[PDB]
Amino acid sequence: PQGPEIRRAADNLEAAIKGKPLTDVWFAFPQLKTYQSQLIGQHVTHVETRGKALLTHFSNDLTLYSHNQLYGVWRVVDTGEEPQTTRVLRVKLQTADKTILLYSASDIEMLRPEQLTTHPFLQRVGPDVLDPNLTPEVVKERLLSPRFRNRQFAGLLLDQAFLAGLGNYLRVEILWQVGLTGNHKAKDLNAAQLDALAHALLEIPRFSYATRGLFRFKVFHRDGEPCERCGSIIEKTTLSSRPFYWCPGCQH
């Protein structure tokens, strides 16, 4: 899962317990046990995202950080209820009625103010595609800036240092959107393809966020399926040490 799916969950989280006094806190990691009693009686002032990184802030200026990587997922149940699964619960934040549960995730750390600009991941990430103030123009400048100008999209479109919230499926989809493969570079592009790439880089991820579960897959998990644009045979290969879906007669 990526930014789109991470913001949708964050919101579900805010919709369930934000502003609500926590009647209980629980963590799997012993190291975090110390913040439990500490958090009881406090409340989430706001849950923030910055890519696939999840920051759940508290009234006492503490912030719960977490990355779902590829297995962590958030649940939202009614207090006292715990649907079953083999997943390993990692965090419990409960209030009178609503409760949220985090399973699987392994990157769960508690930050005080300072680490919010010091954490290993937080320090690294670039603008958020879901971030409003982030405009195509800015994103367009960044593509041409000297820090990314000479980098292939196959790898760049995955690098959080460039843009937070983009993952693989968004990787294949965005490039298919503008008819490109992962072997190009911002510098090897005309003004019409950069501006295109630019928007797709923000619009698509958003469209996914706003509509995924309208948004549908156009090349992800579609090997053997017919390209909807030209109709060529979409092949599955490996790009960036991960699966890459694309159209042979649609991407150059």
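A residue's number is simply how far along the shown sequence it sits, counting from 1.
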| item | value |
| --- | --- |
| Size class of the missing deposited segment between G224 and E225 | none |
| Higher-scoring stretch by recorded Cα B factor average, 82-90 or 118-126 | 82-90 |
| Between 232-240 and 7-15 (mean CA B-factor, as deposited), the higher | 232-240 |
| Most elevated Cα B-factor in the entry, residues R112, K140, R171, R149 | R149 |
| Out of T34, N183, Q69, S59, residue topping the C-alpha B-factor column of the entry | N183 |
| CA B-factor ranking of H43, expressed as a third of its chain | middle |
| For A53, the third of its chain into which the C-alpha B factor falls | lowest |
| For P1, the third of its chain into which the C-alpha B factor falls | lowest |
| Third of the chain's Cα B-factor distribution that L194 belongs to, per the entry | lowest |
| Third of the chain's Cα B-factor distribution that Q160 belongs to, per the entry | lowest |
